[PDB]
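Written below as C-alpha cells is the structure these notes are about.
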Amino acid sequence: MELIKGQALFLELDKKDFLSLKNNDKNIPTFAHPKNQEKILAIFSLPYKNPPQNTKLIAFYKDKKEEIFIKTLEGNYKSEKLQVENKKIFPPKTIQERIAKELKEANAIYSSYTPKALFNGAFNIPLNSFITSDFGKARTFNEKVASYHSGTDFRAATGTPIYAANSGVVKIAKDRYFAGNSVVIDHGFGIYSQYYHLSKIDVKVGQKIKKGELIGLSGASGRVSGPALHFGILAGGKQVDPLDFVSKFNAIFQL
Ligand SMILES: [Zn+2]
C-alpha cells in the first residue's frame, strides 16, 4: 500500500482469530467494520514531519501473522523555502511554561483512547464556508520540513456560528497559546476534532455534544492573520489532512 505523509488510512482486516495489530512494539487498536461483520478496521496515520520511508505492520492471528507494508509518499503539498534556519525562538519563561503545560495536557488527551463510537454517522463540515488555507502547507530549510499547517482554515468573519463536525465528548474548552480559544472533541476510536481561534466558547469540558450542535463563535483569538476558523483532525495519534480524513471516514460510516 501507499500513503501520503500526514494522511490517515483505514486498514481492513479479517476479524476471525485476530489477536493484535502492531507497528513495532506499539499496539494499534481496532474497531468493527460497520458494514461487514467479518472485518475490523484500524486507523494508521503517517506524521507530516520526518515520516519513515516505509512501514511494516504485523497483524497477529491465532496461528498466522499478516505483514502489511506501507510506502510513504511525499504528496503534492504547497511548500515555501525559509531563509533564516534558526526557527528556534526564545520565548520568555512565563510563555515557555504555559506552552509546556498545555502540551502535556493535550498529549494526555490525544493518547486517551475511547474504545467505542461517540460519533453518529458521517462527519459534517463545522460551517458552510470555504477553505482559505489548506492543510499541509509547509516551510522548508534545505528540503527539511521546519513547520507545516496542521489543520485547514475556513473563511469566517468574527462571530460566525461553529457547529460540531460529529457527536462526541468535549475534552478541551479554553484559551491556549497558539490555538487561542479552543474546543477539542473526542469522537471515539482515537479520533479528535479541533476548532481553534474562537471568539466565544459555548461548551464545557465533559459535555456530550451532538453532530451539528453549536460549539462556539468563530473569531481571531490566538491568530495573527485575522479572523478564521482553524479546523483540525487528530487520528491514529497524529494530525492528519482533515478533509481527506472526513472523506475516508464518511465512505465507511455514512448513515
Ligand atoms: Zn490554521
Side-chain angles (χ1 to χ4, degrees), residues 4-8 45-49 51 75-82 87 89 91 95 98-99 102-103 105-107 109-110 123-140 145-166 168 170-187 191-203 214-249:
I4 293 159
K5 67 191 193 182
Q7 296 191 347
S45 297
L46 279 169
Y48 192 104
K49 281 210 267 198
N76 297 312
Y77 291 112
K78 301 146 171 294
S79 174
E80 182 176 300
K81 321 104 203 158
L82 271 154
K87 202 140 202 305
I89 81 192
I95 291 169
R98 177 179 181 177
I99 290 160
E102 287 170 352
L103 176 57
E105 290 162 352
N107 283 347
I109 286 162
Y110 294 136
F123 278 82
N124 292 345
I125 60 181
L127 72 166
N128 301 116
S129 197
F130 57 97
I131 297 308
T132 56
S133 185
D134 212 6
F135 172 93
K137 188 161 163 34
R139 283 195 211 146
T140 62
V145 166
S147 60
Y148 76 105
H149 191 206
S150 62
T152 188
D153 296 341
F154 285 83
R155 191 263 157 173
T158 297
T160 305
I162 302 304
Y163 305 94
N166 215 322
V170 180
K171 309 308 265 188
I172 299 173
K174 63 164 169 171
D175 181 49
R176 298 184 300 158
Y177 212 92
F178 303 132
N181 290 315
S182 316
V183 170
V184 176
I185 297 166
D186 181 7
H187 300 290
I191 302 166
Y192 300 86
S193 60
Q194 303 160 322
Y195 313 78
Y196 295 168
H197 312 306
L198 305 175
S199 63
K200 179 175 214 314
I201 298 171
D202 286 325
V203 294
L214 183 77
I215 60 99
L217 305 180
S218 75
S221 59
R223 198 162 189 277
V224 178
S225 40
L229 172 80
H230 168 106
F231 179 63
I233 295 283
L234 187 140
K238 314 280 171 38
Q239 300 290 163
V240 296
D241 187 320
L243 298 179
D244 180 71
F245 178 87
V246 158
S247 175
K248 287 161 170 173
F249 179 100

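Only this structure's heavy atoms are used, side chains among them; waters, hydrogens and symmetry mates stay out. Read the numbers this way: they start at 1 and go in the same order the structure lists the ligands and their atoms. In this chain, residues are counted from 1 in sequence order.
- Side chain of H149 to backbone of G136: no donor-acceptor contact under 3.5 angstrom is found.
- Of the charged side-chain nitrogens involved, none lies within less than 4.0 Å of a carboxylate oxygen, so that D241 and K248 do not count as a salt-bridged pair.
- Contact detail for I162 and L217: the closest heavy-atom pair is CG1-C, 4.3 Å.
- Distance check: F249 CZ to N166 CG gives 6.0 Å after rounding to the nearest 0.5 Å.
- Take the Zn ion (ligand 1) and draw a sphere of radius 2.8 Å; the protein N/O/S atoms inside it number 3.
- Under the 30°/60° scheme for interplanar angles, the aromatic rings of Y48 and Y77 are found to be tilted.
- The aromatic ring centroids of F231 and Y195 lie less than 6.0 Å from each other.
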